[PDB]
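A.B. asks: Before I ask anything, here is the structure I am working with.
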Amino acid sequence: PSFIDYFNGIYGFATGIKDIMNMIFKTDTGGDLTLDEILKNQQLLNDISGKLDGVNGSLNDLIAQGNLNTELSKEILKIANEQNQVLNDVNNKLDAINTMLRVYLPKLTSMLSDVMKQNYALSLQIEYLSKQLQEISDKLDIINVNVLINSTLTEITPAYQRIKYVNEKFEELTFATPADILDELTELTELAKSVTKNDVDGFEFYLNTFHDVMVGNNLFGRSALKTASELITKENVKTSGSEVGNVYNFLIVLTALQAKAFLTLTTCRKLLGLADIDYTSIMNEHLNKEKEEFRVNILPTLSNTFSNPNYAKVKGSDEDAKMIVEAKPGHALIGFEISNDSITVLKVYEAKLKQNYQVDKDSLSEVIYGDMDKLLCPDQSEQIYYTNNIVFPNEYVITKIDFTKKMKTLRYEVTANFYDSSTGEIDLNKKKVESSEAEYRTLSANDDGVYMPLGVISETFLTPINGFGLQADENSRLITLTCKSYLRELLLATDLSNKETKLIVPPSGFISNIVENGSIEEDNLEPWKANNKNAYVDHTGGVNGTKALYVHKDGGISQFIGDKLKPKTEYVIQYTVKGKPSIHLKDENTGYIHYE
Amino acid sequence: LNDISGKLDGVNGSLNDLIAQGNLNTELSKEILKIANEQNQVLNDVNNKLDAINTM
Amino acid sequence: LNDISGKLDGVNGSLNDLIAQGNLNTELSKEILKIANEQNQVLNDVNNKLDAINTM
Amino acid sequence: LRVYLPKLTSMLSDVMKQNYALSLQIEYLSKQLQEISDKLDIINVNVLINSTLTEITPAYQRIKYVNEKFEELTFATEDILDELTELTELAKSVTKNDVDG
Numbered sequence: 014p015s016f017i018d019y020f021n022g023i024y025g026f027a028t029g030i031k032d033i034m035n036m037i038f039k040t041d042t043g044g045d046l047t048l049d050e051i052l053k054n055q056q057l058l059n060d061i062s063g064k065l066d067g068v069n070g071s072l073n074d075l076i077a078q079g080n081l082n083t084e085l086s087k088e089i090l091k092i093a094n095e096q097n098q099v100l101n102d103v104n105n106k107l108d109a110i111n112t113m114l115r116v117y118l119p120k121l122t123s124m125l126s127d128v129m130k131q132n133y134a135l136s137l138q139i140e141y142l143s144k145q146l147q148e149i150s151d152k153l154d155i156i157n158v159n160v161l162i163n164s165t166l167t168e169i170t171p172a173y174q175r176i177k178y179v180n181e182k183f184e185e186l187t188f189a190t202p203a204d205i206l207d208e209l210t211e212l213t214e215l216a217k218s219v220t221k222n223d224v225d226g227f228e229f230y231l232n233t234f235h236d237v238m239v240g241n242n243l244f245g246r247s248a249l250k251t252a253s254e255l256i257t258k259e260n261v262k263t264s265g266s267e268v269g270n271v272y273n274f275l276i277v278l279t280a281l282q283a284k285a286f287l288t289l290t291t292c293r294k295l296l297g298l299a300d301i302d303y304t305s306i307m308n309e310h311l312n313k314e315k316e317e318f319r320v321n322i323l324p325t326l327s328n329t330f331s332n333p334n335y336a337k338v339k340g341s342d343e344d345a346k347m348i349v350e351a352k353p354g355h356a357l358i359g360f361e362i363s364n365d366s367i368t369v370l371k372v373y374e375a376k377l378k379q380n381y382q383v384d385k386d387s388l389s390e391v392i393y394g395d396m397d398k399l400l401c402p403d404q405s406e407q408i409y410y411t412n413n414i415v416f417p418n419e420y421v422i423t424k425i426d427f428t429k430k431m432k433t434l435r436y437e438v439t440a441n442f443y444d445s446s447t448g449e450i451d452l453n454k455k456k457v458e459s460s461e462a463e464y465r466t467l468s469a470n471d472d473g474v475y476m477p478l479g480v481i482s483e484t485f486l487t488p489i490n491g492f493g494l495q496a497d498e499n500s501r502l503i504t505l506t507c508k509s510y511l512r513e514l515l516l517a518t519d520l521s522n523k524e525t526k527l528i529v530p531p532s533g534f535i536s537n538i539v540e541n542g543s544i545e546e547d548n549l550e551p552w553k554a555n556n557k558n559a560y561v562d563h564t565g566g567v568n569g570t571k572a573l574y575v576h577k578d579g580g581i582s583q584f585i586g587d588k589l590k591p592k593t594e595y596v597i598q599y600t601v602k603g604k605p606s607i608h609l610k611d612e613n614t615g616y617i618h619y620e
Numbered sequence: 058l059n060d061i062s063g064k065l066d067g068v069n070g071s072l073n074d075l076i077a078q079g080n081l082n083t084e085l086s087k088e089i090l091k092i093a094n095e096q097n098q099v100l101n102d103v104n105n106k107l108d109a110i111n112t113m
Numbered sequence: 058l059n060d061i062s063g064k065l066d067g068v069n070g071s072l073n074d075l076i077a078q079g080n081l082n083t084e085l086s087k088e089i090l091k092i093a094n095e096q097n098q099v100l101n102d103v104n105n106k107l108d109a110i111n112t113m
Numbered sequence: 114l115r116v117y118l119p120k121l122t123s124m125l126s127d128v129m130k131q132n133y134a135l136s137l138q139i140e141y142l143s144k145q146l147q148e149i150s151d152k153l154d155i156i157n158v159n160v161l162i163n164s165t166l167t168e169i170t171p172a173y174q175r176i177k178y179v180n181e182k183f184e185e186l187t188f189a190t191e204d205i206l207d208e209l210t211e212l213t214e215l216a217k218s219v220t221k222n223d224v225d226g
């Protein structure tokens, strides 16, 4: 579940959580010291006080206006004093409850509503990045390991588990927020008392040890970032990104963990009405030290090249074809995706740059190509792939990739336009580099198809492409497209320098799709429509957790998409269906039937 | 409610016993019986709530 | 707590004797009752703490 | 209390003085330890090493945390009670009788 929104880096959510923490500090509770006061006894105590003050006042008026002056009046005084003791206890409890209900509850419910409203988007972003990091870690191997890596895992697993569980639990108990509201406040206060309790093994201790293991202040001077980079850099790991992007994603996930932990800690200390400590300083210190560790001791030793993550056995016709993967004037290629669900297709992302290689979210055009398998794979008569890794200098961004399969050989040419780092404009100063001749590699003819690349070919965040190269392994009959990114520069200039960062993530979905609400996730079919009272939204149906369109008798669900098309231009249709369907791309005027 | 009932019942018992031990005046005893009946109503409400809790 | 209680019980008894044996019957006496009641609250808190400590 | 607070601040400063006088030696020796540890990138992990690490890392982590945080707070120190909040919380969590104290 990707998100088309500027992911502001560690600086982004760090400053967001700092603002939330300052706001929490600004919230005034007052006499929030009587926590052990059942708020569900307000009516009981109020009734008792109202019914007892009358008797107390009756006795007072009797002893005052009364003309009796004797030890009998002294006994009446003692009786009135005992009634006064009972009434005063009841009234103290009632006053505490009323203060807590009319000063301590509204402030905190508003504060927690704001906290959750602000944590929403951060949680979305960091959850997507956590999914990606978990995929990477699944692709890792920790069976035959080094002593330092093993020590880092030993030292970081308990604190990681604790912090993750506490963050998730606090988020759940806040979203939980009558008797239900009071029970939820009681649960929140229990969690806060547990988080803030004074013990050396407290939540704060685990936070500090997590930081010490992230920076390398453990037994062996080994930072978790170094072991992460060492595990992710090995040859076995095949991911959709470079080492820079993968270790930066690791850092993002763990720093977001820490920041949310500090936020929960502040919220708990405020909920319990405890002395403030201002963890913004400590949060910033930790995050900045970890970013500096990454920038100094980790980032320089990483490779900013990303290749194909997967391979697929396929065949391709020997019919010669020209392909030109180009970007519109002023745009730049920032990523690709080879998908072969049923047919081989290539998504290509184009976007204008803004500054320091930042990609523009508004300009994120997506083009589609279909003749990639017939171009990268031979059918029956061998193939000759020219292989050469191009590497343009800095300030040059690839714009065109020209594949020409004149004969049974494959030869690509790349063009790179000059890009000004200060501004966001790409001038028309072009450098053209081809696949050098002396280094070609031949795949012999084989009945079994060759292994075409497959997967997402792009950095963890869409960045310009510096160089592009093809490689072919004859023994394994593999083909790889290795591109080079500018993520190191974009990070050194925006995030690792504590400046406004703007990063986009590969959408993992055909943005160029012309069928609005194709996945049919919005329950209200404003785009689609039903002609007759049937064929409705079957929520149980669809790709696992979605809302499929359904048809029963003779009423078919239709959607108008005539305008967003072109004449005689090729198109690709795709759809999942269950049962005995009938799909038709039909024109009301004329009986022409495009797809049936 | 148990503590409240105990204290209120002790107060009411002390009052009633000390006023029955020696009756002095008409208006004084009248007002004492009035406030004692009010205290008895309060104690009865407290005991009703306590018995409701016990039944729960 | 024992010193505070021993020193406040004298004032409480003085106020009680003043309001009882005294022939004043006015809102002045009502305010004196309020003052004695506040002093009695303080004394009762002190005495509860002292009793708990002595029992323990 | 007014004769307590300054006396305790002076005592903490006098402690930190000699503590820092000592810390330089162990800092250099731990630097040498880290130098020898960097060479462990080629020694694979054995069951004995795995067990010893998994057994010592909790106690070591907690002891190091307590020591370094006490030093940090005593250095930051140089009503006052509002400033000694972290030090008092640390002292209350460190001198507490517990099953896992």
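Those protein sequences? They're chains A, B, C and D, same order as listed. Using the UniProt record's numbering, the letters of the first sequence correspond one by one to residues 14 to 190, 202 to 620. When we follow the UniProt record's numbering, the leftmost residue of the second sequence carries the number 58, and every step to the right adds one. When we follow the UniProt record's numbering, the leftmost residue of the third sequence carries the number 58, and every step to the right adds one. Using the UniProt record's numbering, the letters of the fourth sequence correspond one by one to residues 114 to 191, 204 to 226. All residues carry an ideal CB built from backbone N, CA and C; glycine is no exception.
Could you tell me how far apart the beta carbons of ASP426/A and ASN441/A are, in whole angstroms, since I believe they sit closer than 8 Å?
C.D. replies: Wrong, their Cβ atoms sit about 14 Å apart, outside the cutoff.
A.B. asks: Spell out whether any CB of chain A is found under 7 Å from the CB atom of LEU107/C.
C.D. replies: False, the Cβ-Cβ gap to chain A never drops below 7 Å.
A.B. asks: Only counting the same chain, and skipping five residues up and downstream in sequence, which positions put a Cβ closer than 8 Å to that of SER446/A?
C.D. replies: If we look at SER446/A and ignore the five residues flanking it on each side, its Cβ neighbours are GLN379.
A.B. asks: For a quick check, are the C-beta atoms of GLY579/A and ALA559/A less than 7 Å apart?
C.D. replies: Yes, these two residues count as a Cβ contact at 7 Å.
A.B. asks: So, is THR167/A buried or exposed, given that buried needs 16 or more other C-beta atoms within 10 angstroms?
C.D. replies: With 16 or more Cβ atoms within 10 Å of its Cβ, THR167/A is classed as buried.
A.B. asks: Please go through the same chain and pick out, in chain order, the residues whose beta-carbon is closer than 7 Å to the beta-carbon of residue 191/A, but skip the five residues on each side of it.
C.D. replies: There are no atomic positions for residue 191/A here, as chain A continues from 190 directly to 202.
A.B. asks: Need the endpoints of the beta strand (DSSP E) that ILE348/A sits in, please.
C.D. replies: Residues 346-350.
A.B. asks: When you compare the stretch 140-153 of chain A with the stretch 76-92 of chain A, are there three or more beta-carbon pairs, one atom per stretch, that lie closer than 8 Å?
C.D. replies: No, they do not touch.
A.B. asks: Go to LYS91/C, then tell me how far its alpha helix (DSSP H) extends in each direction, as first and last residue.
C.D. replies: Unbroken alpha helix (DSSP H) run through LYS91/C: 84-112.
A.B. asks: According to a CB-to-CB cut-off of less than 7 Å, which residues of the stretch 79-102 of chain C neighbour chain A?
C.D. replies: Cβ contacts with chain A come from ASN80, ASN82, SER86, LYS87, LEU90, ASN94, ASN97, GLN98, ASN101.
A.B. asks: Taking one C-beta from the stretch 292-304 of chain A and one from the stretch 27-41 of chain A each time, how about it: are there three or more such pairs within less than 8 Å?
C.D. replies: With the cut-off at 8 Å, the stretch 292-304 of chain A and the stretch 27-41 of chain A touch.
A.B. asks: List the endpoints of the continuous beta strand (DSSP E) containing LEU434/A.
C.D. replies: Taken as a continuous stretch (DSSP letters only), the beta strand (DSSP E) holding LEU434/A covers 433-443.
A.B. asks: Report yes or no: do the stretch 504-511 of chain A and the stretch 322-336 of chain A share at least 3 C-beta pairs separated by less than 8 Å?
C.D. replies: Taking 8 Å as the limit for Cβ pairs, the verdict is that the stretch 322-336 of chain A does touch the stretch 504-511 of chain A.
A.B. asks: Could you spell out where the alpha helix (DSSP H) holding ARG175/A opens and where it closes?
C.D. replies: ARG175/A -> alpha helix (DSSP H) spans 160-189.
A.B. asks: To which residues does DSSP link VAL338/A through a beta bridge?
C.D. replies: In DSSP, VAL338/A forms a bridge with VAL474/A.
A.B. asks: Am I right that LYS177/A and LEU215/A are in contact with their C-beta atoms under 8 Å? What's the rounded C-beta distance?
C.D. replies: No, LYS177/A and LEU215/A are not in contact; Cβ-Cβ is about 15 Å, not under 8 Å.
A.B. asks: How would you write the range of the beta strand (DSSP E) that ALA375/A sits in, first residue to last?
C.D. replies: Unbroken beta strand (DSSP E) run through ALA375/A: 369-375.
A.B. asks: Please work out which residues of its chain come closer than 7 Å, Cβ to Cβ, to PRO477/A, disregarding the five sequence neighbours upstream and downstream, and give them in chain order.
C.D. replies: Excluding sequence neighbours, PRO477/A sits near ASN332, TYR335, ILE362, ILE503, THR504, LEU505.
A.B. asks: First and last residue of the beta strand (DSSP E) that includes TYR409/A?
C.D. replies: Where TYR409/A is concerned, the enclosing beta strand (DSSP E) stretches over 407-410.
A.B. asks: Give the residues of chain B in contact with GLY67/A, contact being defined as C-beta atoms less than 7 Å apart.
C.D. replies: Within chain B, the residues near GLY67/A are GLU95.
A.B. asks: Would a C-beta distance cut-off of 7 Å place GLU211/D and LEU186/D closer than the cut-off?
C.D. replies: Result yes, Cβ atoms of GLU211/D and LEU186/D sit closer than 7 Å.
A.B. asks: Give the straight-line distance between the Cα atoms of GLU314/A and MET238/A, rounded to the nearest whole angstrom.
C.D. replies: The alpha-carbon atoms of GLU314/A and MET238/A are separated by roughly 7 Å.
A.B. asks: Is there contact here, the stretch 487-502 of chain A with the stretch 344-353 of chain A, by at least three beta-carbon pairs under 8 Å?
C.D. replies: Short answer: they don't touch.
A.B. asks: Which ranges does the alpha helix (DSSP H) cover as unbroken runs of at least 4 residues, wholly within the stretch 218-246 of chain A, from first to last along the chain?
C.D. replies: DSSP runs (the alpha helix (DSSP H)) wholly in the stretch 218-246 of chain A: 227-239.
A.B. asks: In this structure, what does DSSP give as the bridge partners for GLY493/A?
C.D. replies: In DSSP, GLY493/A forms a bridge with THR506/A.
A.B. asks: Beta-carbon separation of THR368/A and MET396/A under 7 Å?
C.D. replies: Cβ distance < 7 Å, so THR368/A and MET396/A count as in contact.
A.B. asks: For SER582/A, list the residues DSSP reports as bridge partners.
C.D. replies: DSSP, once it has assigned bridges, lists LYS553/A as partnering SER582/A.
A.B. asks: With a Cβ-Cβ cutoff of 7 Å, do residue 117/C and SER62/C count as a contact?
C.D. replies: An answer regarding residue 117/C cannot be provided, because it is not within the stretch 58 to 113 covered by chain C.
A.B. asks: Relative to the C-alpha of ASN101/A, which residue among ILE92/A, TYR24/A, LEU65/A is closest?
C.D. replies: Of the candidates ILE92/A, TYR24/A, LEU65/A, the one whose C-alpha sits nearest the C-alpha of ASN101/A is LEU65/A.
A.B. asks: Using the Cα positions of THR466/A and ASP444/A, report the straight-line distance between them to the nearest angstrom.
C.D. replies: In a straight line, the C-alpha of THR466/A is about 39 Å away from that of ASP444/A.
A.B. asks: Looking at C-alpha atoms only, which residue of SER468/A, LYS456/A, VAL68/A is the closest neighbour of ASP403/A?
C.D. replies: Among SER468/A, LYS456/A, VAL68/A, the Cα nearest to that of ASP403/A belongs to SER468/A.
A.B. asks: Chain A partners of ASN73/C, CB-CB under 8 Å?
C.D. replies: Near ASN73/C (Cβ distances below 8 Å), the residues of chain A are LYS87, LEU90.
A.B. asks: Since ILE61/B meets chain A, which of its residues come closer than 8 Å, beta carbon to beta carbon?
C.D. replies: Chain A residues near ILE61/B: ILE61, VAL99, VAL103.
A.B. asks: Report buried or exposed for residue 6/A, applying the criterion of at least 16 other Cβ atoms within 10 angstroms of its Cβ.
C.D. replies: A question about residue 6/A goes unanswered here, because the residues of chain A that appear run from 14 up to 620.
A.B. asks: Give me the subset of the stretch 38-64 of chain A whose CB atoms are less than 9 Å from a CB atom of chain B, sorted by chain position.
C.D. replies: Residues passing the 9 Å Cβ filter: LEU57, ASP60, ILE61, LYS64.
A.B. asks: Between which residues of its own chain and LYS432/A is the CB-CB distance below 8 Å, once the five residues before and five after are set aside?
C.D. replies: Counting only Cβ-Cβ distances below 8 Å, and skipping sequence neighbours, we find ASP342, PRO402, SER405, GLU406, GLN407, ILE408.
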